[PDB]
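Written below as structure tokens is the structure these notes are about.
Counting neighbours? That spans all protein chains shown, and the Cβs are built from the backbone with ideal geometry, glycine included. The numbers here are math on the coordinates, done by the rules we state, and not lab data.
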Amino acid sequence: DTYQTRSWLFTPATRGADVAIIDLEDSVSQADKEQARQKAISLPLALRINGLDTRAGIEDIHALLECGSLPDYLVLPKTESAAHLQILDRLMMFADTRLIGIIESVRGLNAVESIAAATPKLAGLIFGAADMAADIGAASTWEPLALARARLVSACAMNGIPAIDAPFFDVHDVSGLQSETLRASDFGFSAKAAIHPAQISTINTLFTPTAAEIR
Amino acid sequence: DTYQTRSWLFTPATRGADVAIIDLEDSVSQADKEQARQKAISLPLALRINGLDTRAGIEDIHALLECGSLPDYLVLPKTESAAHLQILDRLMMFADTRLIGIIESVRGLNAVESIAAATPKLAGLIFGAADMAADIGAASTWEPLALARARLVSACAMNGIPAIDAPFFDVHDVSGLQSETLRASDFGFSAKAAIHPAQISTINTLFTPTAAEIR
Amino acid sequence: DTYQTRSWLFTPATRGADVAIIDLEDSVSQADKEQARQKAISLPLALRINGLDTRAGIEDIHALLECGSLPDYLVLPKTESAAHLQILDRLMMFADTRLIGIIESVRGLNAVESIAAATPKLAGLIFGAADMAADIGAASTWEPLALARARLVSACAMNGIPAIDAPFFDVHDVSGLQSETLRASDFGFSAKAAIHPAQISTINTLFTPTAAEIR
């Protein structure tokens, strides 16, 4: 069940989080796509493939469908429409695998309601702050992205799926990590991505209900 | 005129605000619905009936249409579509009664534009912060709900009706009540609901222009 | 290229910014519209005509189409639909002139996605904070308008055009001007309007890239 997860940790395919995400995309160079790919083909496991509109992502999907083996969660970058998810859904249906979409673009953000409602196999949406800000021409800070975040959480809640917050960049700014994570929880995010295991415990704790609440 | 009104005070049907709202809903227990109903049936007056999608609300509406007597304002909880308001409007076509809708759900919020335009009898919308927060999975604090609030004020303003802010929970935090009320006024709320008479003078004062402003 | 511009200065027809806007509208009295009109008919130049839904604006357009001469930028107030811009576009297809729409109303804001996509001739959108706040019944301050600004910037970014921030009212509050300009920049605005030449250097400087960026 996707709602229980609190921490999603990105580690590149080349080489305690609640979910590990094997990454084929932005951490992986263009030259490394085939090597990271087949490595990955070899506790719930996620795989972020390259975008459907990339040759890398077509290759990734082809390899997945051939060598048989699939993660519990397929993470699709630059999810921009419900058709993005429905294509994956139909593709994965031949050969129990659930989808996670990333909302990292304006186009994606404008269609977020229909994206969140696209298919039962969708298990959550990740906010992509850095690309969202870059697409808009904004700073990565909270305030310019606050609209986007609130709109994302609402679409998730409307469809009974968790909103997963963007990763926090500064591994060294534990204060900043604590503040942003708390802000996301108050907004209604159920989880937050991460790019370093040092962030995990902070993230786990803050997205964990209190004994008072559990009662 | 609804725009002049500043304070809306909820008092349960069982038993100086500009409008009093006799409540059949959340303050009244389920066992108490019949008592409160007929007692309520017994300066402008509002009645909040139970939701249209509840057996309680059907009975309330049945009793209203039967025993003849109607308030100046009919307050509908959990307004989620234009049809909600139009059904009441047609039901009220036999037997001068105006409607107030409550936006307390994501579904309501997403349809807020069409709701604000639903019928001429609609005289205003109340924000239901606590249920909205719960529906989203967010905290009741200002920030997670600012989008929801801004979207509500805008749809109201477009249809020439006042936006009425949620009641403030903490009766003891007068500071918090002043701050939120001022925030709501700045946003374009023209009025605010209340759950205790101690809040009334504060709400009235803060929504009353100053001699400085009038000059 | 509109993206290069940082400062847009409104000056009434009656009487170093990157673009000067000769203004026929709110700075010009109604008695002065004919007067102001014909002077203007006699470094890139912008012209804000009166609204299409005003007798003044029809006359302004008539005068423009007759005496042959057109500004580099035609600035249209109260842009409320895609048709607003398309009408102007077709009117000036005979006699290189690009359009700038002003989003200053709730109706304009709700249609901002379709306005920003209306025609290739559209080169940017200006936020009209003072009319937007008044239309909503809100204060002119940042917070009540933050949702509106984020929605405007998003629509611009999606269509490959710059968002231009509203002018800051207080000429004497240089601190407020600096703060608003930075917030706008962070939000993803590429430029900001001005209503007095004293504001120009501040706006220019703050929208000028640092050596770190340039590298």
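What the table shows:
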| item | result |
| --- | --- |
| Spin-label model distance (nm) - residue B:29 vs residue B:93, 7 Å beyond Cα toward Cβ | 4.1 |
| Peptide C:129-137 - average C-beta neighbours from other chains (10 Å radius) | 3 |
| Rounded FRET efficiency, nearest 0.05, which uses the C-beta distance separating residue B:142 from residue A:179 and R0 of 22 Å | 0.85 |
| Rounded if a/c under 1.5, otherwise prolate or oblate - region B:156-215, Cα gyration tensor axes | oblate |
| Approximate spin-label separation residue A:59-residue C:41, in nm, with each point projected 7 Å along Cα-to-Cβ | 6.4 |
| Proximal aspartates and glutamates to residue C:78, defined as alpha-carbon separation beneath 12 angstrom and excluding residues fewer than eight positions away on the same chain | C:25, C:26, C:53, C:104, C:131, C:135 |
| Proximal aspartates and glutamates to residue A:192, defined as alpha-carbon separation beneath 12 angstrom and excluding residues fewer than eight positions away on the same chain | A:18, A:165, A:180 |
| Fewest-first ranking of B:103, C:214, C:161, using other Cβ atoms within 10 Å as the exposure measure | C:214, C:161, B:103 |
| Sum of side-chain charges, residue B:55 neighbourhood, beta-carbon under 15 Å (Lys, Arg +1; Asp, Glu -1) | -3 |
| Exam field: residue B:16 pseudo-label spacings to other copies (7 Å along Cα-Cβ), nanometres | 6.4, 6.4 |
| Charge dipole of the protein assembly as shown about the Cα centre (unit charges at C-beta), most positive-ward option of C:46, B:209, C:182 | C:46 |
| Assigned charges on the beta-carbon of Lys, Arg, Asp, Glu; chain B dipole about Cα centre (debye) | 280 |
